[PDB]
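Engineer: I'm passing along start-v2.cif; it holds mmCIF, C-alpha atoms.
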data_data
#
loop_
_atom_site.group_PDB
_atom_site.id
_atom_site.type_symbol
_atom_site.label_atom_id
_atom_site.label_comp_id
_atom_site.auth_asym_id
_atom_site.auth_seq_id
_atom_site.Cartn_x
_atom_site.Cartn_y
_atom_site.Cartn_z
ATOM 1 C CA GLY Q 1 -16.761 9.595 -14.931
ATOM 2 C CA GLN Q 2 -14.941 12.925 -14.910
ATOM 3 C CA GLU Q 3 -12.410 14.754 -12.746
ATOM 4 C CA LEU Q 4 -13.545 16.159 -9.426
ATOM 5 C CA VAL Q 5 -10.784 18.706 -9.049
ATOM 6 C CA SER Q 6 -7.607 20.099 -10.513
ATOM 7 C CA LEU Q 7 -4.655 19.751 -8.139
ATOM 8 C CA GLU Q 8 -1.332 21.524 -8.608
ATOM 9 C CA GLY Q 9 0.605 18.395 -7.668
ATOM 10 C CA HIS Q 10 4.342 18.349 -7.067
ATOM 11 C CA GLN Q 11 7.535 19.334 -8.858
ATOM 12 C CA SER Q 12 8.861 15.752 -8.709
ATOM 13 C CA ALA Q 13 7.590 12.189 -9.007
ATOM 14 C CA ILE Q 14 4.771 11.169 -6.678
ATOM 15 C CA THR Q 15 6.137 8.380 -4.478
ATOM 16 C CA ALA Q 16 3.364 8.012 -1.876
ATOM 17 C CA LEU Q 17 -0.330 8.839 -1.654
ATOM 18 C CA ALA Q 18 -2.937 8.764 1.115
ATOM 19 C CA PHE Q 19 -6.671 9.467 0.950
ATOM 20 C CA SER Q 20 -9.102 9.980 3.829
ATOM 21 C CA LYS Q 21 -12.338 11.963 4.254
ATOM 22 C CA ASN Q 22 -11.940 14.853 1.755
ATOM 23 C CA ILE Q 23 -8.184 15.070 2.390
ATOM 24 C CA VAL Q 24 -5.384 13.754 0.174
ATOM 25 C CA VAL Q 25 -1.760 13.571 1.315
ATOM 26 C CA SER Q 26 0.867 13.158 -1.405
ATOM 27 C CA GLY Q 27 4.617 12.628 -1.100
ATOM 28 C CA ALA Q 28 7.230 13.311 -3.762
ATOM 29 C CA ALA Q 29 10.783 12.217 -4.527
ATOM 30 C CA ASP Q 30 12.095 15.636 -3.420
ATOM 31 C CA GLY Q 31 10.754 15.144 0.117
ATOM 32 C CA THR Q 32 7.852 17.578 -0.220
ATOM 33 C CA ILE Q 33 4.515 16.554 1.292
ATOM 34 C CA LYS Q 34 1.298 18.356 0.362
ATOM 35 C CA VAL Q 35 -2.207 18.239 1.840
ATOM 36 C CA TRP Q 36 -5.208 18.993 -0.380
ATOM 37 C CA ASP Q 37 -8.914 19.506 0.263
ATOM 38 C CA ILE Q 38 -10.845 17.581 -2.383
ATOM 39 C CA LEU Q 39 -13.977 19.728 -2.055
ATOM 40 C CA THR Q 40 -12.189 23.011 -2.858
ATOM 41 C CA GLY Q 41 -9.044 21.624 -4.492
ATOM 42 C CA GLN Q 42 -6.950 23.967 -2.381
ATOM 43 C CA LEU Q 43 -3.504 23.151 -1.027
ATOM 44 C CA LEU Q 44 -3.880 23.558 2.732
ATOM 45 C CA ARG Q 45 -0.434 22.465 3.956
ATOM 46 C CA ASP Q 46 2.835 22.771 2.024
ATOM 47 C CA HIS Q 47 6.391 21.659 2.849
ATOM 48 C CA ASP Q 48 5.531 19.517 5.878
ATOM 49 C CA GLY Q 49 7.629 16.537 4.813
ATOM 50 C CA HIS Q 50 11.276 15.505 4.899
ATOM 51 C CA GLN Q 51 14.532 16.476 3.202
ATOM 52 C CA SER Q 52 14.790 13.140 1.356
ATOM 53 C CA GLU Q 53 12.376 11.260 -0.892
ATOM 54 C CA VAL Q 54 9.122 10.225 0.767
ATOM 55 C CA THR Q 55 8.889 6.436 0.591
ATOM 56 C CA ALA Q 56 5.706 5.620 2.529
ATOM 57 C CA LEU Q 57 2.630 7.424 3.821
ATOM 58 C CA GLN Q 58 -0.044 6.565 6.371
ATOM 59 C CA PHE Q 59 -3.004 8.844 7.110
ATOM 60 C CA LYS Q 60 -5.560 8.027 9.801
ATOM 61 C CA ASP Q 61 -7.691 10.362 11.946
ATOM 62 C CA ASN Q 62 -5.985 13.676 11.110
ATOM 63 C CA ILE Q 63 -2.526 12.169 11.767
ATOM 64 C CA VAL Q 64 0.051 11.507 9.041
ATOM 65 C CA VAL Q 65 2.882 9.004 9.475
ATOM 66 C CA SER Q 66 5.529 9.487 6.786
ATOM 67 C CA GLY Q 67 8.772 7.666 6.035
ATOM 68 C CA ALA Q 68 11.700 8.938 3.987
ATOM 69 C CA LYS Q 69 14.831 7.712 2.224
ATOM 70 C CA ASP Q 70 17.066 8.886 5.089
ATOM 71 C CA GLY Q 71 15.280 6.586 7.557
ATOM 72 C CA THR Q 72 13.298 9.304 9.336
ATOM 73 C CA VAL Q 73 9.771 8.507 10.538
ATOM 74 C CA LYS Q 74 7.530 11.496 11.279
ATOM 75 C CA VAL Q 75 4.121 11.744 12.958
ATOM 76 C CA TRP Q 76 2.362 15.075 12.484
ATOM 77 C CA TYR Q 77 -1.034 16.766 12.405
ATOM 78 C CA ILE Q 78 -2.774 17.705 9.153
ATOM 79 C CA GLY Q 79 -4.289 20.808 10.738
ATOM 80 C CA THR Q 80 -0.985 22.570 11.416
ATOM 81 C CA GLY Q 81 1.762 20.355 9.972
ATOM 82 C CA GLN Q 82 3.610 20.476 13.299
ATOM 83 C CA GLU Q 83 5.117 17.158 14.348
ATOM 84 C CA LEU Q 84 3.361 15.439 17.238
ATOM 85 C CA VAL Q 85 6.037 12.974 18.399
ATOM 86 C CA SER Q 86 9.765 12.527 17.736
ATOM 87 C CA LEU Q 87 10.770 9.079 16.466
ATOM 88 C CA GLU Q 88 14.426 8.185 15.979
ATOM 89 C CA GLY Q 89 13.525 6.129 12.903
ATOM 90 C CA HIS Q 90 15.932 3.772 11.149
ATOM 91 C CA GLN Q 91 19.419 4.155 9.727
ATOM 92 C CA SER Q 92 18.386 2.576 6.419
ATOM 93 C CA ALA Q 93 15.719 3.896 4.062
ATOM 94 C CA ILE Q 94 12.115 3.438 5.149
ATOM 95 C CA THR Q 95 10.417 0.960 2.820
ATOM 96 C CA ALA Q 96 7.094 0.070 4.481
ATOM 97 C CA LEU Q 97 4.768 1.610 7.041
ATOM 98 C CA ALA Q 98 1.822 0.309 9.029
ATOM 99 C CA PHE Q 99 -0.404 2.509 11.207
ATOM 100 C CA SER Q 100 -3.093 1.135 13.538
ATOM 101 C CA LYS Q 101 -4.578 2.832 16.629
ATOM 102 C CA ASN Q 102 -1.504 4.284 18.436
ATOM 103 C CA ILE Q 103 1.071 1.864 16.960
ATOM 104 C CA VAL Q 104 3.338 2.567 13.989
ATOM 105 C CA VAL Q 105 5.352 -0.308 12.504
ATOM 106 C CA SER Q 106 8.111 0.665 10.062
ATOM 107 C CA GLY Q 107 10.280 -1.522 7.839
ATOM 108 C CA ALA Q 108 13.658 -0.477 6.466
ATOM 109 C CA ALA Q 109 15.922 -1.414 3.573
ATOM 110 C CA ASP Q 110 18.297 -3.295 5.904
ATOM 111 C CA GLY Q 111 15.499 -5.617 7.050
ATOM 112 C CA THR Q 112 14.910 -4.006 10.439
ATOM 113 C CA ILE Q 113 11.375 -3.529 11.751
ATOM 114 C CA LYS Q 114 10.561 -1.106 14.563
ATOM 115 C CA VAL Q 115 7.377 -0.729 16.621
ATOM 116 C CA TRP Q 116 6.529 2.733 17.956
ATOM 117 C CA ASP Q 117 3.972 4.198 20.363
ATOM 118 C CA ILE Q 118 2.881 7.562 18.965
ATOM 119 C CA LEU Q 119 1.885 8.859 22.397
ATOM 120 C CA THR Q 120 5.185 8.294 24.215
ATOM 121 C CA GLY Q 121 7.560 8.000 21.253
ATOM 122 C CA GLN Q 122 9.083 4.917 22.862
ATOM 123 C CA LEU Q 123 10.586 2.173 20.710
ATOM 124 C CA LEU Q 124 8.379 -0.715 21.806
ATOM 125 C CA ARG Q 125 10.252 -3.342 19.770
ATOM 126 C CA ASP Q 126 13.477 -3.368 17.749
ATOM 127 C CA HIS Q 127 13.452 -6.286 15.320
ATOM 128 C CA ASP Q 128 16.042 -7.857 13.027
ATOM 129 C CA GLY Q 129 13.212 -8.659 10.651
ATOM 130 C CA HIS Q 130 14.868 -10.131 7.575
ATOM 131 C CA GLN Q 131 18.275 -10.350 5.924
ATOM 132 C CA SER Q 132 16.766 -8.443 2.986
ATOM 133 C CA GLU Q 133 14.858 -5.249 2.244
ATOM 134 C CA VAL Q 134 11.381 -5.236 3.807
ATOM 135 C CA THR Q 135 9.117 -4.898 0.756
ATOM 136 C CA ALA Q 136 5.700 -5.286 2.414
ATOM 137 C CA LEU Q 137 4.156 -4.982 5.865
ATOM 138 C CA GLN Q 138 0.663 -5.565 7.272
ATOM 139 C CA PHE Q 139 -0.382 -4.853 10.862
ATOM 140 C CA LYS Q 140 -3.548 -6.110 12.559
ATOM 141 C CA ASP Q 141 -4.532 -6.995 16.126
ATOM 142 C CA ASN Q 142 -1.203 -6.859 17.962
ATOM 143 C CA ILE Q 143 0.572 -9.091 15.396
ATOM 144 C CA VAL Q 144 2.824 -8.050 12.497
ATOM 145 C CA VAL Q 145 3.240 -9.886 9.183
ATOM 146 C CA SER Q 146 6.205 -8.850 7.034
ATOM 147 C CA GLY Q 147 7.653 -9.656 3.638
ATOM 148 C CA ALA Q 148 11.106 -9.069 2.221
ATOM 149 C CA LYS Q 149 12.946 -8.992 -1.093
ATOM 150 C CA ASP Q 150 14.395 -12.483 -0.517
ATOM 151 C CA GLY Q 151 10.942 -14.104 -0.387
ATOM 152 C CA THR Q 152 10.716 -14.544 3.387
ATOM 153 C CA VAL Q 153 7.423 -14.045 5.223
ATOM 154 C CA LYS Q 154 7.317 -13.721 9.016
ATOM 155 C CA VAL Q 155 4.731 -13.135 11.750
ATOM 156 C CA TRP Q 156 5.362 -12.143 15.369
ATOM 157 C CA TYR Q 157 3.762 -10.775 18.540
ATOM 158 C CA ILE Q 158 4.563 -7.250 19.730
ATOM 159 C CA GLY Q 159 4.877 -7.990 23.448
ATOM 160 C CA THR Q 160 6.768 -11.272 23.315
ATOM 161 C CA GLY Q 161 8.984 -10.008 20.492
ATOM 162 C CA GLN Q 162 9.526 -13.495 19.044
ATOM 163 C CA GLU Q 163 8.018 -15.093 15.958
ATOM 164 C CA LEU Q 164 4.749 -16.982 16.345
ATOM 165 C CA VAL Q 165 5.207 -19.351 13.388
ATOM 166 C CA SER Q 166 7.810 -20.226 10.749
ATOM 167 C CA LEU Q 167 6.553 -19.843 7.173
ATOM 168 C CA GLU Q 168 8.702 -21.000 4.264
ATOM 169 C CA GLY Q 169 7.813 -17.968 2.159
ATOM 170 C CA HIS Q 170 8.450 -17.595 -1.558
ATOM 171 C CA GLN Q 171 11.612 -17.706 -3.671
ATOM 172 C CA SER Q 172 11.041 -14.311 -5.320
ATOM 173 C CA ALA Q 173 10.510 -10.841 -3.881
ATOM 174 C CA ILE Q 174 7.260 -10.508 -1.936
ATOM 175 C CA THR Q 175 4.770 -7.955 -3.279
ATOM 176 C CA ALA Q 176 1.667 -7.763 -1.070
ATOM 177 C CA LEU Q 177 0.190 -9.405 2.013
ATOM 178 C CA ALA Q 178 -3.010 -9.731 4.066
ATOM 179 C CA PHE Q 179 -4.192 -12.091 6.767
ATOM 180 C CA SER Q 180 -7.128 -13.068 8.942
ATOM 181 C CA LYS Q 181 -7.202 -14.393 12.501
ATOM 182 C CA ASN Q 182 -6.845 -17.928 11.107
ATOM 183 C CA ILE Q 183 -4.815 -17.636 7.878
ATOM 184 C CA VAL Q 184 -2.109 -15.598 6.158
ATOM 185 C CA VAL Q 185 -2.155 -14.977 2.406
ATOM 186 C CA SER Q 186 0.945 -13.666 0.630
ATOM 187 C CA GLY Q 187 2.002 -13.057 -2.955
ATOM 188 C CA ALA Q 188 5.425 -12.679 -4.571
ATOM 189 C CA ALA Q 189 6.803 -11.190 -7.775
ATOM 190 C CA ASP Q 190 6.823 -14.396 -9.849
ATOM 191 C CA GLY Q 191 3.040 -14.773 -9.503
ATOM 192 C CA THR Q 192 3.003 -17.213 -6.585
ATOM 193 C CA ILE Q 193 0.225 -16.956 -3.994
ATOM 194 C CA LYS Q 194 0.276 -18.991 -0.777
ATOM 195 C CA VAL Q 195 -2.065 -19.242 2.222
ATOM 196 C CA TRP Q 196 -0.775 -20.197 5.666
ATOM 197 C CA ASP Q 197 -2.422 -21.498 8.815
ATOM 198 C CA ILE Q 198 -0.938 -19.126 11.391
ATOM 199 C CA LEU Q 199 -1.041 -21.668 14.232
ATOM 200 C CA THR Q 200 0.750 -24.646 12.675
ATOM 201 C CA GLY Q 201 2.344 -22.921 9.680
ATOM 202 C CA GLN Q 202 0.864 -25.408 7.216
ATOM 203 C CA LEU Q 203 0.480 -24.388 3.572
ATOM 204 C CA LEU Q 204 -3.250 -24.660 2.868
ATOM 205 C CA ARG Q 205 -2.979 -23.663 -0.816
ATOM 206 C CA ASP Q 206 -0.056 -23.133 -3.202
ATOM 207 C CA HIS Q 207 -1.094 -21.332 -6.398
ATOM 208 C CA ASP Q 208 1.453 -20.797 -9.170
ATOM 209 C CA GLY Q 209 -0.460 -17.768 -10.469
ATOM 210 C CA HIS Q 210 -1.354 -16.788 -14.019
ATOM 211 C CA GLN Q 211 1.304 -14.138 -14.704
ATOM 212 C CA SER Q 212 5.056 -13.616 -14.901
ATOM 213 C CA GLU Q 213 6.575 -10.683 -12.990
ATOM 214 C CA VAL Q 214 3.626 -9.247 -11.073
ATOM 215 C CA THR Q 215 3.960 -5.566 -10.200
ATOM 216 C CA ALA Q 216 0.896 -4.996 -8.000
ATOM 217 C CA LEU Q 217 -1.352 -7.134 -5.809
ATOM 218 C CA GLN Q 218 -4.497 -6.374 -3.846
ATOM 219 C CA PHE Q 219 -6.335 -8.655 -1.414
ATOM 220 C CA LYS Q 220 -9.892 -8.266 -0.211
ATOM 221 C CA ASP Q 221 -12.080 -11.102 1.094
ATOM 222 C CA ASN Q 222 -10.833 -14.182 -0.831
ATOM 223 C CA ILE Q 223 -10.369 -12.233 -4.090
ATOM 224 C CA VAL Q 224 -6.909 -11.282 -5.372
ATOM 225 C CA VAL Q 225 -6.294 -8.782 -8.177
ATOM 226 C CA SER Q 226 -2.859 -9.070 -9.781
ATOM 227 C CA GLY Q 227 -1.196 -6.816 -12.344
ATOM 228 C CA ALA Q 228 1.944 -7.743 -14.262
ATOM 229 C CA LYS Q 229 4.586 -6.175 -16.488
ATOM 230 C CA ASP Q 230 2.844 -7.554 -19.595
ATOM 231 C CA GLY Q 231 -0.171 -5.333 -18.868
ATOM 232 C CA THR Q 232 -2.623 -8.024 -17.737
ATOM 233 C CA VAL Q 233 -5.033 -7.512 -14.838
ATOM 234 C CA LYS Q 234 -6.436 -10.785 -13.511
ATOM 235 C CA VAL Q 235 -9.032 -11.468 -10.809
ATOM 236 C CA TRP Q 236 -9.194 -14.858 -9.116
ATOM 237 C CA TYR Q 237 -10.222 -16.734 -5.982
ATOM 238 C CA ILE Q 238 -7.472 -17.439 -3.451
ATOM 239 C CA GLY Q 239 -9.142 -20.646 -2.254
ATOM 240 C CA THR Q 240 -8.897 -22.432 -5.606
ATOM 241 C CA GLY Q 241 -6.794 -20.296 -7.961
ATOM 242 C CA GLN Q 242 -9.537 -20.167 -10.603
ATOM 243 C CA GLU Q 243 -9.818 -16.946 -12.582
ATOM 244 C CA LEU Q 244 -13.170 -15.259 -12.032
ATOM 245 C CA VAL Q 245 -13.432 -12.641 -14.799
ATOM 246 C CA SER Q 246 -11.391 -11.585 -17.822
ATOM 247 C CA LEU Q 247 -10.138 -8.014 -18.196
ATOM 248 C CA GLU Q 248 -8.503 -6.558 -21.297
ATOM 249 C CA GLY Q 249 -5.792 -4.951 -19.186
ATOM 250 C CA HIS Q 250 -3.414 -2.373 -20.616
ATOM 251 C CA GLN Q 251 -0.944 -2.278 -23.488
ATOM 252 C CA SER Q 252 1.614 -1.114 -20.899
ATOM 253 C CA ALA Q 253 3.038 -2.493 -17.665
ATOM 254 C CA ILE Q 254 0.644 -2.369 -14.717
ATOM 255 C CA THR Q 255 2.123 -0.019 -12.127
ATOM 256 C CA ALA Q 256 -0.682 0.543 -9.598
ATOM 257 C CA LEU Q 257 -3.833 -1.233 -8.455
ATOM 258 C CA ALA Q 258 -6.816 -0.099 -6.409
ATOM 259 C CA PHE Q 259 -9.758 -2.264 -5.352
ATOM 260 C CA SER Q 260 -13.008 -1.215 -3.665
ATOM 261 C CA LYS Q 261 -16.431 -2.915 -3.581
ATOM 262 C CA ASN Q 262 -16.599 -4.573 -7.033
ATOM 263 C CA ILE Q 263 -14.553 -1.874 -8.812
ATOM 264 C CA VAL Q 264 -10.928 -2.424 -9.857
ATOM 265 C CA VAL Q 265 -8.869 0.627 -10.860
ATOM 266 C CA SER Q 266 -5.574 -0.130 -12.616
ATOM 267 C CA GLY Q 267 -2.815 2.256 -13.668
ATOM 268 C CA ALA Q 268 -0.141 1.568 -16.267
ATOM 269 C CA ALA Q 269 3.325 2.855 -17.121
ATOM 270 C CA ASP Q 270 1.865 4.882 -20.011
ATOM 271 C CA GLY Q 271 -0.322 6.888 -17.617
ATOM 272 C CA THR Q 272 -3.628 5.279 -18.594
ATOM 273 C CA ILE Q 273 -6.162 4.533 -15.852
ATOM 274 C CA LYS Q 274 -8.854 1.899 -16.351
ATOM 275 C CA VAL Q 275 -11.930 1.094 -14.260
ATOM 276 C CA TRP Q 276 -13.357 -2.434 -14.221
ATOM 277 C CA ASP Q 277 -16.396 -4.155 -12.722
ATOM 278 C CA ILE Q 278 -15.423 -7.603 -11.429
ATOM 279 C CA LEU Q 279 -19.044 -8.758 -11.582
ATOM 280 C CA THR Q 280 -19.304 -8.274 -15.357
ATOM 281 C CA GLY Q 281 -15.714 -7.731 -16.523
ATOM 282 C CA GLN Q 282 -16.716 -4.657 -18.529
ATOM 283 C CA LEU Q 283 -14.557 -1.544 -18.816
ATOM 284 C CA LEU Q 284 -16.491 1.215 -17.049
ATOM 285 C CA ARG Q 285 -14.021 4.067 -17.633
ATOM 286 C CA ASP Q 286 -10.976 4.490 -19.893
ATOM 287 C CA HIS Q 287 -9.302 7.723 -18.799
ATOM 288 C CA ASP Q 288 -6.151 9.144 -20.364
ATOM 289 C CA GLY Q 289 -5.132 9.836 -16.783
ATOM 290 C CA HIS Q 290 -1.564 11.118 -16.825
ATOM 291 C CA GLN Q 291 1.250 11.697 -19.304
ATOM 292 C CA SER Q 292 3.638 9.556 -17.222
ATOM 293 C CA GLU Q 293 3.655 6.302 -15.268
ATOM 294 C CA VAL Q 294 0.906 6.019 -12.659
ATOM 295 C CA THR Q 295 2.772 5.454 -9.389
ATOM 296 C CA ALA Q 296 -0.041 5.501 -6.808
ATOM 297 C CA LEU Q 297 -3.789 4.890 -6.644
ATOM 298 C CA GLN Q 298 -6.269 5.502 -3.827
ATOM 299 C CA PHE Q 299 -9.901 4.448 -4.198
ATOM 300 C CA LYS Q 300 -12.593 5.352 -1.652
ATOM 301 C CA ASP Q 301 -16.292 6.235 -1.980
ATOM 302 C CA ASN Q 302 -16.462 6.351 -5.793
ATOM 303 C CA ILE Q 303 -13.453 8.722 -5.795
ATOM 304 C CA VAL Q 304 -10.166 7.621 -7.381
ATOM 305 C CA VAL Q 305 -7.001 9.554 -6.515
ATOM 306 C CA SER Q 306 -3.947 9.053 -8.719
ATOM 307 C CA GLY Q 307 -0.330 10.158 -8.800
ATOM 308 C CA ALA Q 308 2.225 10.026 -11.566
ATOM 309 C CA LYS Q 309 5.973 10.249 -12.110
ATOM 310 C CA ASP Q 310 5.601 13.811 -13.460
ATOM 311 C CA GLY Q 311 4.296 14.993 -10.076
ATOM 312 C CA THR Q 312 0.651 15.376 -11.112
ATOM 313 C CA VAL Q 313 -2.165 14.373 -8.752
ATOM 314 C CA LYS Q 314 -5.640 13.800 -10.173
ATOM 315 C CA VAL Q 315 -8.925 12.812 -8.551
ATOM 316 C CA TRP Q 316 -11.876 11.255 -10.367
ATOM 317 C CA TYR Q 317 -15.532 10.272 -9.994
ATOM 318 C CA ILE Q 318 -17.161 7.008 -11.058
#
Mind converting the file's structure to structure tokens?

Structural biologist:
Amino acid sequence: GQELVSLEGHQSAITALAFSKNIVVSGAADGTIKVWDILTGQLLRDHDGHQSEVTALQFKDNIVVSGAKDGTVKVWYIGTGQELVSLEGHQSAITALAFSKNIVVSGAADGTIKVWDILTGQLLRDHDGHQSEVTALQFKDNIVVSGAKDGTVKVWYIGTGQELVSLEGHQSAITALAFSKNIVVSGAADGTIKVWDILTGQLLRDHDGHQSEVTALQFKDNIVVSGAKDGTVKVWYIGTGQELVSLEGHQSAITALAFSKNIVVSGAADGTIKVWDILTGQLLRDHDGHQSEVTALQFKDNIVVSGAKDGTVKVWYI
């Protein structure tokens, strides 16, 4: 349970983080984007980003999709950092990104949602998504599910361009989403978690949650992991709302969550990173990760990658 590598990090707060293969892409509030090789810990690509704060990152098959505060959306190659396609982006700040096959879906602070083809650069769909800032976005199988700061959740089809079903949403800002072919599950800031039949729109379950002011959510299978400002990390079943295991949490506000296999990695505003086993509830690791708030966590193949508000990027083993 030590550090794999030292990484130089950035000169400003880490705002986005992506992890794939042995490559980590990190974005900072000064617009700089850096690419690192985990095996050697060397910075391969420097200054490939934007001129405003990086707000979202997507990394899939040697291609990085990055969004910035000025609304720009860039698609470039990790090998050379040269942009592949030119996207006009949004006029408002990018707030959410989804990347699947050749499609990029971007959400902005004005509520707009745009669908791009990263082979032609064409704007496939221009959407007046919500009357509020798009705070979450999930893309799967030709259908987009979005969440906004006003509590609204929406799903639509890319070709038709109209909504498939009307979901009532929440009454606080949405935090994280996920959905299957049959159901949608969404969670808001006040702890609410709701599941929706996509066809009819019916509310199959309405859970009030166990926390006040959640700051991070993570869905996988029917298990939700929720962190809150009070420092609690809770694991429970979305079908019934029953808590599964008890975790000590942190003495500081939860600011990042990662979830892989049966391992939960949580980061707090004091920089501490904790590693839990949801089968037993025991604390596997208790790292004094960073000296500032943990702003991003990536967890793949027993390797945790973390970023902090001081610009540091660390990578760990379990």

Engineer: Within 10 Å of range 301-315 of chain Q, counting all atoms listed in the file, which residues qualify if same-chain residues fewer than 5 places away don't, as a PyMOL selection string?

Structural biologist: chain Q and resi 1-22+24+26-29+38+41+256+258+260-261+263+265+267-271+273+275+289-296

Engineer: May I ask for the distance between CA of residue 136 in chain Q and CA of residue 162 in chain Q, given in Å to one decimal place?

Structural biologist: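 CA of residue 162 in chain Q lies at a distance of 18.9 Å from CA of residue 136 in chain Q.
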
Engineer: For the structure provided, state which residues fall under the PyMOL selection byres ((chain Q and resi 161) around 10), and present them as a ChimeraX atom specification.

Structural biologist: /Q:124-127,143,156-160,162-164

Engineer: Excluding residue 196 in chain Q and its own-chain neighbours fewer than 4 positions away, which residues fall within 7 Å of it when counting only C-alpha atoms? Please give them as JSON, numbers by chain.

Structural biologist: {"Q": [183, 184, 185, 201, 202, 203, 204]}

Engineer: Name the residues, using the chain letters and numbers of the file, that sit within 8 Å of (0.3, -19.8, -5.5) when counting all atoms listed in the file, and give them as number ranges by chain.

Structural biologist: Q: 187, 191-194, 205-209, 241

Engineer: Enter the distance from CA of residue 234 in chain Q to CA of residue 266 in chain Q, in Å, rounded to one decimal.

Structural biologist: 10.7 Å

Engineer: For a quick check of your reading of the model, name the residues lying within 6 Å of the coordinate (-16.8, -3.8, -11.5), counting all atoms listed in the file, and write them as number ranges by chain.

Structural biologist: Q: 262-263, 276-279

Engineer: Name all residues at most 9 Å from residue 218 in chain Q (count all atoms listed in the file; drop same-chain ones fewer than 2 positions away) and give them as an MDAnalysis selection string.

Structural biologist: chainID Q and resid 176:178 216 220 223:226 257:259

Engineer: Hey, what's within 8 Å of residue 96 in chain Q if we count all atoms listed in the file and toss same-chain stuff fewer than 6 positions away? As number ranges by chain, please?

Structural biologist: Q: 55-56, 67, 106-108, 134-137

Engineer: Report the residues retrieved by the PyMOL selection byres ((chain Q and resi 82) around 12) from the displayed file, expressed as a ChimeraX atom specification.

Structural biologist: /Q:45-49,62-64,74-81,83-86

Engineer: Measuring atom to atom with only C-alpha atoms, identify which of Q:168, Q:281, Q:61, Q:115 is nearest to residue 73 in chain Q.

Structural biologist: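 Among the listed residues, the smallest separation from residue 73 in chain Q belongs to Q:115.
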
Engineer: To test your reading of the syntax: which residues would the PyMOL selection byres ((chain Q and resi 133) around 8) return for the file shown? Reply as an NGL selection string.

Structural biologist: :Q and (95 or 108-111 or 130-132 or 134-135 or 148-150)

Engineer: Provide an axis-aligned box for all listed atoms of range 43-51 of chain Q, padding each side by 3 Å; report its centre and its edge lengths in Å to one decimal, as AutoDock Vina command-line options.

Structural biologist:
--center_x 5.3 --center_y 19.5 --center_z 2.4 --size_x 24.4 --size_y 14.1 --size_z 12.9

Engineer: What is the distance, in Å and to one decimal place, between CA of residue 114 in chain Q and CA of residue 198 in chain Q?

Structural biologist: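 Value for the CA of residue 114 in chain Q-CA of residue 198 in chain Q distance: 21.6 Å.
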
Engineer: Can you tell me, as a PDB file with C-alpha atoms, in the coordinates of the input, what residues are no more than 9 Å from residue 171 in chain Q when counting all atoms listed in the file, ignoring any on the same chain fewer than 6 positions away?

Structural biologist:
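Listing of selection_13.pdb after writing:
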ATOM      1  CA  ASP Q 150      14.395 -12.483  -0.517  1.00  0.00           C
ATOM      2  CA  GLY Q 151      10.942 -14.104  -0.387  1.00  0.00           C
ATOM      3  CA  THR Q 152      10.716 -14.544   3.387  1.00  0.00           C
ATOM      4  CA  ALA Q 188       5.425 -12.679  -4.571  1.00  0.00           C
ATOM      5  CA  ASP Q 190       6.823 -14.396  -9.849  1.00  0.00           C
TER       6      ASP Q 190
END

Engineer: In terms of the shortest atom-to-atom distance over all atoms listed in the file, which of Q:284, Q:57, Q:247, Q:44 is closest to residue 298 in chain Q?

Structural biologist: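 Answer, going by the shortest atom-to-atom distance: Q:57.
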
Engineer: With distances taken over only C-alpha atoms, which residue among Q:99, Q:287, Q:87, Q:153 lies nearest residue 122 in chain Q?

Structural biologist: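 Looking at the shortest contact to residue 122 in chain Q, the residue is Q:87.
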
Engineer: Point out the residue among Q:274, Q:229, Q:210, Q:69 with the least atom-to-atom distance to residue 93 in chain Q, counting only C-alpha atoms.

Structural biologist: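 Closest residue, counting only C-alpha atoms: Q:69.
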